[PDB]
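Just start-v3.tsv here, TSV, C-alpha atoms and all ligand atoms:
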chain	number	residue	atom	x	y	z
G	1	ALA	CA	-150.03	43.64	-145.97
G	2	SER	CA	-146.92	42.10	-144.32
G	3	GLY	CA	-144.64	39.60	-146.02
G	4	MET	CA	-143.83	36.23	-144.51
G	5	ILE	CA	-140.69	34.17	-145.15
G	6	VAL	CA	-140.31	30.59	-143.82
G	7	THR	CA	-136.82	29.08	-143.86
G	8	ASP	CA	-135.25	25.76	-142.96
G	9	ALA	CA	-133.75	25.77	-139.43
G	10	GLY	CA	-130.31	24.50	-140.42
G	11	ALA	CA	-127.34	25.06	-142.73
G	12	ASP	CA	-127.79	28.78	-143.64
G	13	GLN	CA	-131.63	28.88	-143.50
G	14	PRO	CA	-132.71	28.57	-147.15
G	15	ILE	CA	-136.19	29.98	-147.91
G	16	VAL	CA	-138.84	27.25	-148.21
G	17	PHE	CA	-142.01	29.42	-148.46
G	18	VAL	CA	-143.03	33.04	-149.02
G	19	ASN	CA	-146.53	34.53	-148.96
G	20	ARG	CA	-148.02	36.80	-151.66
G	21	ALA	CA	-147.26	40.04	-149.79
G	22	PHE	CA	-143.54	39.09	-149.79
G	23	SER	CA	-143.66	39.35	-153.63
G	24	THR	CA	-145.65	42.64	-153.49
G	25	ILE	CA	-143.05	44.18	-151.12
G	26	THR	CA	-139.82	42.79	-152.65
G	27	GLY	CA	-140.65	42.30	-156.37
G	28	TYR	CA	-139.36	38.67	-156.23
G	29	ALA	CA	-141.53	35.72	-157.32
G	30	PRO	CA	-141.33	32.56	-155.15
G	31	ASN	CA	-139.30	30.84	-157.97
G	32	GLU	CA	-136.62	33.55	-157.59
G	33	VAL	CA	-136.08	33.08	-153.81
G	34	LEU	CA	-136.76	29.42	-152.87
G	35	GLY	CA	-133.55	27.70	-151.67
G	36	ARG	CA	-131.74	31.03	-151.01
G	37	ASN	CA	-130.76	32.70	-147.74
G	38	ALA	CA	-132.80	35.95	-147.37
G	39	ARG	CA	-129.56	38.05	-147.22
G	40	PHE	CA	-130.01	38.78	-150.99
G	41	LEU	CA	-132.54	41.43	-149.77
G	42	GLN	CA	-129.58	43.47	-148.41
G	43	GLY	CA	-127.34	45.89	-150.29
G	44	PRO	CA	-124.70	48.59	-149.93
G	45	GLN	CA	-126.56	50.97	-147.54
G	46	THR	CA	-127.74	48.12	-145.25
G	47	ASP	CA	-126.43	48.69	-141.68
G	48	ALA	CA	-123.70	46.08	-140.94
G	49	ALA	CA	-124.34	46.24	-137.15
G	50	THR	CA	-128.03	45.36	-137.76
G	51	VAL	CA	-127.00	42.41	-139.98
G	52	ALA	CA	-124.59	41.25	-137.20
G	53	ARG	CA	-127.44	41.31	-134.62
G	54	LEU	CA	-129.61	39.20	-137.01
G	55	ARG	CA	-126.74	36.76	-137.65
G	56	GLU	CA	-126.07	36.23	-133.91
G	57	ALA	CA	-129.80	35.91	-133.02
G	58	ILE	CA	-130.50	33.36	-135.79
G	59	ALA	CA	-127.38	31.30	-134.87
G	60	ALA	CA	-128.72	31.18	-131.25
G	61	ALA	CA	-132.36	30.60	-132.43
G	62	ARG	CA	-133.37	33.76	-130.48
G	63	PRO	CA	-136.34	35.89	-131.67
G	64	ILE	CA	-135.26	39.31	-133.01
G	65	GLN	CA	-136.89	42.45	-134.44
G	66	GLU	CA	-134.95	45.02	-136.50
G	67	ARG	CA	-135.63	47.83	-138.96
G	68	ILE	CA	-133.26	47.06	-141.87
G	69	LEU	CA	-132.70	48.65	-145.27
G	70	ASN	CA	-133.47	46.12	-148.01
G	71	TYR	CA	-133.73	46.22	-151.80
G	72	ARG	CA	-136.40	45.08	-154.24
G	73	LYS	CA	-135.40	42.75	-157.09
G	74	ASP	CA	-134.89	45.74	-159.47
G	75	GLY	CA	-132.77	47.53	-156.80
G	76	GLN	CA	-135.29	50.00	-155.28
G	77	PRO	CA	-134.55	50.43	-151.55
G	78	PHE	CA	-137.20	49.93	-148.86
G	79	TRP	CA	-137.15	49.93	-145.06
G	80	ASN	CA	-138.10	46.50	-143.71
G	81	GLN	CA	-139.57	46.23	-140.22
G	82	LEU	CA	-138.40	42.62	-139.83
G	83	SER	CA	-139.39	40.17	-137.05
G	84	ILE	CA	-137.86	36.65	-136.98
G	85	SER	CA	-138.73	33.81	-134.59
G	86	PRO	CA	-137.78	30.15	-134.43
G	87	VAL	CA	-140.54	27.55	-134.73
G	88	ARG	CA	-139.91	24.87	-132.06
G	89	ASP	CA	-141.40	21.46	-131.28
G	90	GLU	CA	-142.26	20.68	-127.66
G	91	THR	CA	-138.77	19.08	-127.10
G	92	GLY	CA	-137.33	22.55	-128.02
G	93	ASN	CA	-135.91	21.42	-131.43
G	94	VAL	CA	-135.99	24.26	-134.01
G	95	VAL	CA	-138.20	23.09	-136.93
G	96	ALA	CA	-137.96	26.33	-139.00
G	97	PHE	CA	-137.64	30.08	-138.78
G	98	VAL	CA	-140.48	32.47	-139.65
G	99	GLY	CA	-139.88	36.10	-140.61
G	100	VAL	CA	-142.44	38.87	-141.05
G	101	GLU	CA	-141.51	41.86	-143.24
G	102	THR	CA	-143.40	45.17	-143.22
G	103	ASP	CA	-142.42	47.91	-145.70
G	104	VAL	CA	-142.23	51.01	-143.42
G	105	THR	CA	-140.81	53.28	-146.23
G	106	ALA	CA	-142.84	56.42	-147.14
G	107	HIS	CA	-142.19	55.73	-150.86
G	108	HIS	CA	-144.64	58.38	-152.18
F	1	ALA	CA	-138.56	14.89	-136.91
F	2	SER	CA	-141.64	17.10	-136.29
F	3	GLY	CA	-144.14	18.12	-138.96
F	4	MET	CA	-144.90	21.75	-139.70
F	5	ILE	CA	-148.07	23.17	-141.27
F	6	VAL	CA	-148.38	26.83	-142.30
F	7	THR	CA	-151.86	28.22	-143.04
F	8	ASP	CA	-153.35	31.53	-144.08
F	9	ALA	CA	-154.79	33.56	-141.17
F	10	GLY	CA	-158.39	33.86	-142.47
F	11	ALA	CA	-160.97	32.12	-144.73
F	12	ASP	CA	-160.82	28.80	-142.76
F	13	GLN	CA	-156.96	28.64	-142.54
F	14	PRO	CA	-156.14	26.76	-145.77
F	15	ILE	CA	-152.74	25.02	-145.69
F	16	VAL	CA	-150.13	26.93	-147.76
F	17	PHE	CA	-146.96	24.97	-146.81
F	18	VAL	CA	-145.98	21.66	-145.18
F	19	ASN	CA	-142.47	20.37	-144.45
F	20	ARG	CA	-141.09	16.91	-145.33
F	21	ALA	CA	-141.79	15.43	-141.86
F	22	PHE	CA	-145.52	16.33	-142.23
F	23	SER	CA	-145.66	13.83	-145.16
F	24	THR	CA	-143.53	11.23	-143.28
F	25	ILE	CA	-145.94	11.40	-140.28
F	26	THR	CA	-149.34	11.71	-142.05
F	27	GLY	CA	-148.69	9.88	-145.38
F	28	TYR	CA	-150.17	12.84	-147.35
F	29	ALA	CA	-148.17	14.54	-150.14
F	30	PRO	CA	-148.24	18.37	-150.21
F	31	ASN	CA	-150.48	18.42	-153.35
F	32	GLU	CA	-153.12	16.36	-151.39
F	33	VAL	CA	-153.35	18.95	-148.52
F	34	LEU	CA	-152.53	22.44	-149.93
F	35	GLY	CA	-155.63	24.68	-149.93
F	36	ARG	CA	-157.44	22.48	-147.33
F	37	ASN	CA	-158.07	23.08	-143.60
F	38	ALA	CA	-155.97	20.64	-141.49
F	39	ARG	CA	-159.17	19.19	-139.87
F	40	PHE	CA	-159.09	16.37	-142.53
F	41	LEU	CA	-156.47	14.76	-140.21
F	42	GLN	CA	-159.28	14.10	-137.67
F	43	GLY	CA	-161.51	11.02	-137.62
F	44	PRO	CA	-164.13	8.99	-135.73
F	45	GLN	CA	-162.34	8.75	-132.30
F	46	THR	CA	-160.97	12.37	-132.29
F	47	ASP	CA	-162.02	14.12	-129.03
F	48	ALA	CA	-164.63	16.81	-129.88
F	49	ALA	CA	-163.70	18.92	-126.81
F	50	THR	CA	-160.06	19.05	-128.02
F	51	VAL	CA	-161.24	20.18	-131.48
F	52	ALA	CA	-163.43	22.91	-129.86
F	53	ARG	CA	-160.41	24.21	-127.85
F	54	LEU	CA	-158.39	24.44	-131.11
F	55	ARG	CA	-161.32	26.23	-132.82
F	56	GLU	CA	-161.55	28.85	-130.04
F	57	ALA	CA	-157.76	29.37	-129.88
F	58	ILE	CA	-157.50	29.93	-133.66
F	59	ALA	CA	-160.54	32.29	-133.60
F	60	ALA	CA	-158.76	34.39	-130.89
F	61	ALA	CA	-155.25	33.86	-132.41
F	62	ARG	CA	-154.07	32.38	-129.06
F	63	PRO	CA	-151.20	29.84	-128.87
F	64	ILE	CA	-152.41	26.36	-127.92
F	65	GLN	CA	-151.01	22.84	-127.54
F	66	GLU	CA	-153.14	19.68	-127.60
F	67	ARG	CA	-152.56	15.94	-127.87
F	68	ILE	CA	-155.15	15.03	-130.56
F	69	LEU	CA	-156.01	11.75	-132.26
F	70	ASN	CA	-155.38	12.08	-136.01
F	71	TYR	CA	-155.43	9.62	-138.92
F	72	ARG	CA	-152.80	8.95	-141.59
F	73	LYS	CA	-153.85	8.93	-145.28
F	74	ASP	CA	-154.07	5.07	-145.03
F	75	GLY	CA	-156.57	5.51	-142.12
F	76	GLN	CA	-154.18	4.43	-139.28
F	77	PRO	CA	-154.76	6.48	-136.08
F	78	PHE	CA	-151.82	8.31	-134.42
F	79	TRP	CA	-151.41	10.67	-131.44
F	80	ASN	CA	-150.45	14.16	-132.68
F	81	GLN	CA	-148.72	16.42	-130.11
F	82	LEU	CA	-149.90	19.59	-131.87
F	83	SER	CA	-148.79	23.15	-131.10
F	84	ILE	CA	-150.27	26.13	-132.98
F	85	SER	CA	-149.20	29.77	-132.83
F	86	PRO	CA	-150.21	32.85	-134.79
F	87	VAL	CA	-147.61	34.71	-136.86
F	88	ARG	CA	-148.11	38.44	-136.24
F	89	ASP	CA	-146.67	41.65	-137.68
F	90	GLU	CA	-145.45	44.50	-135.39
F	91	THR	CA	-148.99	46.08	-135.29
F	92	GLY	CA	-150.40	42.68	-134.12
F	93	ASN	CA	-152.15	41.75	-137.42
F	94	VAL	CA	-152.22	37.94	-137.87
F	95	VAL	CA	-150.31	37.06	-141.08
F	96	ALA	CA	-150.54	33.24	-140.78
F	97	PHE	CA	-150.71	30.32	-138.37
F	98	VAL	CA	-147.91	27.79	-137.81
F	99	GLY	CA	-148.57	24.30	-136.41
F	100	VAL	CA	-145.97	21.76	-135.28
F	101	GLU	CA	-147.01	18.10	-135.22
F	102	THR	CA	-145.06	15.44	-133.31
F	103	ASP	CA	-146.14	11.77	-133.63
F	104	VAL	CA	-146.14	10.71	-129.91
F	105	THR	CA	-148.00	7.37	-130.51
G	201	LIG	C1	-136.93	33.47	-141.55
G	201	LIG	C2	-135.90	34.50	-141.93
G	201	LIG	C3	-136.27	35.64	-142.60
G	201	LIG	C4	-135.37	36.64	-142.93
G	201	LIG	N1	-135.79	37.74	-143.58
G	201	LIG	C5	-134.90	38.71	-143.86
G	201	LIG	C6	-135.32	39.94	-144.53
G	201	LIG	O1	-136.50	40.14	-144.85
G	201	LIG	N2	-134.35	40.84	-144.78
G	201	LIG	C7	-133.05	40.68	-144.42
G	201	LIG	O2	-132.23	41.61	-144.67
G	201	LIG	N3	-132.61	39.57	-143.80
G	201	LIG	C8	-133.50	38.61	-143.53
G	201	LIG	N4	-133.06	37.48	-142.90
G	201	LIG	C9	-131.70	37.43	-142.41
G	201	LIG	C10	-130.67	36.86	-143.29
G	201	LIG	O3	-131.16	35.63	-143.83
G	201	LIG	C11	-129.38	36.58	-142.52
G	201	LIG	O4	-129.66	35.76	-141.38
G	201	LIG	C12	-128.69	37.84	-142.01
G	201	LIG	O5	-128.27	38.60	-143.13
G	201	LIG	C13	-127.51	37.61	-141.07
G	201	LIG	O6	-126.64	36.61	-141.54
G	201	LIG	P1	-125.39	36.96	-142.48
G	201	LIG	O7	-124.50	37.99	-141.76
G	201	LIG	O8	-124.77	35.61	-142.58
G	201	LIG	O9	-125.98	37.44	-143.80
G	201	LIG	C14	-133.97	36.46	-142.56
G	201	LIG	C15	-133.60	35.29	-141.92
G	201	LIG	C16	-134.51	34.31	-141.59
G	201	LIG	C17	-134.05	33.09	-140.85
G	202	LIG	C1	-151.52	25.95	-138.58
G	202	LIG	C2	-152.57	24.95	-138.19
G	202	LIG	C3	-152.23	23.62	-138.08
G	202	LIG	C4	-153.14	22.65	-137.69
G	202	LIG	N1	-152.75	21.35	-137.60
G	202	LIG	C5	-153.66	20.44	-137.21
G	202	LIG	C6	-153.30	19.04	-137.06
G	202	LIG	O1	-152.13	18.65	-137.27
G	202	LIG	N2	-154.28	18.20	-136.66
G	202	LIG	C7	-155.55	18.59	-136.40
G	202	LIG	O2	-156.38	17.71	-136.03
G	202	LIG	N3	-155.94	19.87	-136.50
G	202	LIG	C8	-155.04	20.78	-136.89
G	202	LIG	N4	-155.42	22.09	-137.01
G	202	LIG	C9	-156.76	22.46	-136.56
G	202	LIG	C10	-157.87	22.47	-137.55
G	202	LIG	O3	-157.41	23.10	-138.72
G	202	LIG	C11	-159.07	23.23	-136.97
G	202	LIG	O4	-158.70	24.54	-136.57
G	202	LIG	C12	-159.69	22.52	-135.77
G	202	LIG	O5	-160.22	21.27	-136.19
G	202	LIG	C13	-160.79	23.33	-135.09
G	202	LIG	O6	-161.68	23.95	-136.01
G	202	LIG	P1	-163.02	23.27	-136.57
G	202	LIG	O7	-163.88	23.00	-135.36
G	202	LIG	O8	-163.57	24.33	-137.51
G	202	LIG	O9	-162.58	22.03	-137.29
G	202	LIG	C14	-154.51	23.07	-137.43
G	202	LIG	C15	-154.88	24.40	-137.56
G	202	LIG	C16	-153.94	25.36	-137.93
G	202	LIG	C17	-154.36	26.80	-138.05

Could you render the structure from this file as C-alpha cells?
Amino acid sequence: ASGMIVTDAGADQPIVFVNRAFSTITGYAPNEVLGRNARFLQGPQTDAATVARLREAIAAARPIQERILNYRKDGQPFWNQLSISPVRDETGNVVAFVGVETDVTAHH
Amino acid sequence: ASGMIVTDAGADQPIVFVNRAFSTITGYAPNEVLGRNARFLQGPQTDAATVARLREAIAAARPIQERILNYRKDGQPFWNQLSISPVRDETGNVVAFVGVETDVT
C-alpha cells in the first residue's frame, strides 16, 4: 500500500494529514509528524540534487516525481518512490500539496 | 478560501480530512463529517443529474468539476464549485480522492 501525506500550501508545508500506509512505511504515528515539514524523512545518504529538485518544484507549485532515500523513525533506510502535486482551486490558488510514497526497497 | 475534503478511495469514500475553510463554508466541524460520505452536503434542490455525473466519475476515478447545490449545517443552500481528483501511486492505484469546494453563491 502507498503512503499519502497532505501538507499546507504555504510557509514550509507542514503535514496536516497522513494515511495509515504512511505509518506502515515510515514507522511514524500521525502524532509524531503533524505540523512538521516532511524533510525529517531524509538523512545522510539522501541525494542532495534530488532534494534540490523537490525544493524548487514545491516552491513553484509544480508536480514532481523522484526516487529518494528516506529513513524510518528508528533510522532504517528505505527507497521512496515519491510523487507530489499541488491541489488547486479553479482560480489556480494552491490549497494544499499531496504526496504519495511507495517503498520500492527490496528489504528482504 | 477554498474548502478541501480528502476521502479514502474505496468503501463509499469516507471523509478522512477537511481543512479549516471546509468548516467556514459548510458550518460543519471535522468531528461531524469524518467517516461520512460527503453526499450529506446535498439536499432537496440538488440536481440529480449532477450527482450522477459525480458518482460515475468517482467510480472510474476520473477528474470532474461541477457546480452543485449544497446545504450548510444550518440548512442554508449554497452553490459549491466542486472539483474532485483521484490521488494515484506510480502504478496507477487510487490511494484517495481530493475535493476542492469554492462557495460561488
Ligand atoms: C506533500 C509533500 C510530501 C512530501 N513527502 C516527502 C517524502 O515522503 N520524503 C521526502 O524526502 N520529502 C518529502 N517532501 C519534501 C520535503 O518536504 C521538502 O520539500 C524537500 O526536502 C525540499 O525542501 P528542503 O530542501 O527545504 O528540505 C514532501 C513535500 C510535500 C509538500
Ligand atoms: C473527495 C470528495 C469530495 C466530495 N465533495 C463533495 C461536496 O463538497 N459536495 C457534494 O455534494 N458531493 C461531494 N462529493 C460527492 C459525494 O461524496 C458522492 O460521490 C456523490 O453524491 C455521488 O455519489 P452518490 O450518488 O453515491 O451520492 C465528494 C466526493 C469525494 C470523493

Nearby residues (only C-alpha atoms) at most 10 Å from residue G:90, same-chain spacing under 4 positions excluded, as a PyMOL selection string: (chain G and resi 94) or (chain F and resi 2+65+81-83+100-102)

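Residue nearest chain G within the list F:94, F:33, F:11, F:61: F:94 [criterion: smallest interatomic distance, all atoms listed in the file].
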
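Among the candidates G:52, G:84, G:58, G:68, the residue lying nearest to chain F is G:84 (atoms considered: only C-alpha atoms).
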
Interface rows for chain F against ligand LIG 202 (chain G): nearest pair, Å to one decimal, 7 Å, only C-alpha atoms and all ligand atoms, as a Markdown table:
| residue | atom | partner | partner_atom | distance |
| --- | --- | --- | --- | --- |
| F:5 | CA | G:LIG202 | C1 | 5.2 |
| F:6 | CA | G:LIG202 | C1 | 4.9 |
| F:7 | CA | G:LIG202 | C1 | 5.0 |
| F:13 | CA | G:LIG202 | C17 | 5.5 |
| F:37 | CA | G:LIG202 | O3 | 4.9 |
| F:38 | CA | G:LIG202 | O3 | 4.0 |
| F:39 | CA | G:LIG202 | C10 | 4.2 |
| F:41 | CA | G:LIG202 | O2 | 5.1 |
| F:42 | CA | G:LIG202 | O2 | 4.9 |
| F:51 | CA | G:LIG202 | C13 | 4.8 |
| F:52 | CA | G:LIG202 | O7 | 5.5 |
| F:54 | CA | G:LIG202 | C13 | 4.8 |
| F:55 | CA | G:LIG202 | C13 | 3.7 |
| F:58 | CA | G:LIG202 | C17 | 6.2 |
| F:68 | CA | G:LIG202 | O2 | 6.2 |
| F:70 | CA | G:LIG202 | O2 | 5.7 |
| F:80 | CA | G:LIG202 | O1 | 6.6 |
| F:82 | CA | G:LIG202 | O1 | 5.9 |
| F:84 | CA | G:LIG202 | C1 | 5.7 |
| F:97 | CA | G:LIG202 | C1 | 4.4 |
| F:98 | CA | G:LIG202 | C1 | 4.1 |
| F:99 | CA | G:LIG202 | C1 | 4.0 |
| F:101 | CA | G:LIG202 | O1 | 5.5 |

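Nearest residue to ligand LIG 201 (chain G) among G:92, G:27, G:35, G:86 is G:86, counting all atoms listed in the file.
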
Distance filter 9 Å around ligand LIG 201 (chain G), atoms: all atoms listed in the file, out as number ranges by chain: G: 3-9, 12-15, 22, 26, 36-43, 46, 48, 50-59, 61, 68-71, 80-86, 96-102

Quick check: residues of chain G within 7 Å of chain F, only C-alpha atoms, returned as a short mmCIF file (atom, residue, chain, number, x, y, z; two decimals) with C-alpha atoms, keeping the file's coordinate frame.
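The new file out_39.cif reads:
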data_model
loop_
_atom_site.label_atom_id
_atom_site.label_comp_id
_atom_site.auth_asym_id
_atom_site.auth_seq_id
_atom_site.Cartn_x
_atom_site.Cartn_y
_atom_site.Cartn_z
CA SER G 2 -146.92 42.10 -144.32
CA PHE G 17 -142.01 29.42 -148.46
CA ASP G 89 -141.40 21.46 -131.28
CA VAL G 95 -138.20 23.09 -136.93
CA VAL G 100 -142.44 38.87 -141.05
#

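Rounded to one decimal, atom CA of residue F:45 and atom CA of residue G:88 lie 27.6 Å from each other.
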
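Between atom CA of residue G:64 and atom CA of residue G:29 the separation is 25.4 Å.
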
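Residues lying within 9 Å of residue F:71, counting only C-alpha atoms and ignoring same-chain neighbours fewer than 2 positions away, are residues 26, 40, 41, 42, 43, 69, 73, 74, 75, 76, 77, 78 and 79 of chain F.
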
With C-alpha atoms kept, could you save the residues just selected as a short mmCIF file (atom, residue, chain, number, x, y, z; two decimals), in the coordinates of the input?
data_model
loop_
_atom_site.label_atom_id
_atom_site.label_comp_id
_atom_site.auth_asym_id
_atom_site.auth_seq_id
_atom_site.Cartn_x
_atom_site.Cartn_y
_atom_site.Cartn_z
CA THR F 26 -149.34 11.71 -142.05
CA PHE F 40 -159.09 16.37 -142.53
CA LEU F 41 -156.47 14.76 -140.21
CA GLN F 42 -159.28 14.10 -137.67
CA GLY F 43 -161.51 11.02 -137.62
CA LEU F 69 -156.01 11.75 -132.26
CA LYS F 73 -153.85 8.93 -145.28
CA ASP F 74 -154.07 5.07 -145.03
CA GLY F 75 -156.57 5.51 -142.12
CA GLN F 76 -154.18 4.43 -139.28
CA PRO F 77 -154.76 6.48 -136.08
CA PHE F 78 -151.82 8.31 -134.42
CA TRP F 79 -151.41 10.67 -131.44
#

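Taking atom CA of residue F:25 and atom CA of residue F:103 as the two end points, the separation is 6.7 Å.
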
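Each of G:30, G:1, G:87, G:23 was compared to residue F:92 using only C-alpha atoms, and G:1 turns out to be the nearest.
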
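Checking G:25, G:33, G:18, G:11 one by one against residue G:105, counting all atoms listed in the file, you find the shortest gap at G:25.
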
Surrounding residues of residue G:106 excluding itself and chain neighbours under 5 positions, 12 Å, only C-alpha atoms, as a PyMOL selection string: chain G and resi 77-80

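Closest approach to residue F:12 from the set F:53, F:59, F:46, F:28 is made by F:59, with distances taken over only C-alpha atoms.
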